[PDB]
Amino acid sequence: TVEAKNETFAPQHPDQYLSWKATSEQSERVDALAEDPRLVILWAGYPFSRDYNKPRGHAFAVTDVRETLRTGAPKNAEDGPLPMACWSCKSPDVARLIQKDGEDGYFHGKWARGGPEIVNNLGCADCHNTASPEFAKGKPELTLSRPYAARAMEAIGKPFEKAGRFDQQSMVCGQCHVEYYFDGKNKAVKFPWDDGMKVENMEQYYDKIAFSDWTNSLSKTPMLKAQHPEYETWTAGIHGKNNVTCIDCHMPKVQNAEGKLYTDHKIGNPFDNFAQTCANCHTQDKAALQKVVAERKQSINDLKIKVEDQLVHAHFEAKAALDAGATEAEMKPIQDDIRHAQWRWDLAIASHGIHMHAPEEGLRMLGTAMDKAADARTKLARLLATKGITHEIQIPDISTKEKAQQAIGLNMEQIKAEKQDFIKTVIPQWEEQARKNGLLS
């Protein structure tokens, strides 16, 4: 009953369809590793050290998951580094497959397998019960199309079916804009919300299940990776506490040419229509509010860099200790400190909207990160001393993404060449096959 072919809905819902399509205008893709090469060091051993960009329009979700170095260059349906779960927050064909094959059936196997199947842009069936007769009437009929997100909302005491309209508005966004990890042997998406959504809760959660995303290749620390915790951090901030919904800012009610009200589906920066977003609740002018938000961004950026610098030193200092013959027992307390420091930093800044949604919480989290970084480096200086090393550990030149990637042993020329081959040759075949199978226009 899932209709992943979004254009099916264009005749009946032109205003929503046209604005939805318009996120294709949000096309600039900012390379975050180029901007901040420290990230390559922090994520050494993990695919984020190869390729990490800031988000752009929803229209690009399928493209970007296909093009990122993180998904590699699979040669067949059982090849490639990543599992099916990488599709989960990119396309309504995910809802289609979960319905068709069941949740476990969907998650089984490799990302490559989904290539000729997950082909429609993030769209109507991701957020709407389009099968309801009320939908054609122009009623939204919001729904959670993602069972793992439904379970998560229940876990935090906010079951979707019991939630009011305004709670539901943010929850649809909360199907994807969250911290997650891959759970069990099928690598199913799970939001680590069992103990609560605060950084401390999630840290306790992951430690109790002895989970790690990867081992940092420099320090051998069993690491946790944070991802875009918008739902969690929005909940923590002033707007979320007042149930100012994601939609209030990102999907304002606007008028069509005929003066009819509809929800603007061109999901982007709220400051691009300040008059219909912030101005709904605030008397301050646009420049005044922009300056405040920019101020928080700078405050957080400055502290974020300080934490990252401390962590860069910590990873290289851990490397020096290992290279000097440090044992597993000797390294363990240091690795615990690095893991916790970096977890707190990563959850703090992994959402590019933190300085807006919950600046005070971002700053708090960074402070607690810094505490554990201090511990790591102090433990390390003593351990290194016991090996006869009493000088400051020198760091290689990591002033550029290229240098940082070189330093951690990536062959970026080759990795990029192989991906480019994959993009040019495999993607068109995937699209051709989906068309032949009637999954794609």
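Residue numbers run from 1 along the displayed sequence.
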query: Entry-level comparison of average CA B-factors, 285 to 293 and 109 to 117, reporting the higher stretch; finding: 109 to 117
query: Mean C-alpha temperature factor, higher of 274 to 282 and 236 to 244; finding: 274 to 282
query: Out of 176, 85, 354, 98, residue topping the C-alpha B-factor column of the entry; finding: 98
query: Candidate set 386, 68, 399, 405 [ranked by C-alpha B-factor, highest]; finding: 386
query: Lowest, middle or highest third - CA B-factor, residue 339; finding: lowest
query: Third assignment of residue 315 from its chain's C-alpha B-factors; finding: lowest
query: Residue 390 - Cα temperature factor, lowest/middle/highest third of chain; finding: highest
query: Residue 327 by Cα B-factor - lowest, middle or highest third of the modelled chain; finding: highest
query: Lowest, middle or highest third - CA B-factor, residue 346; finding: lowest
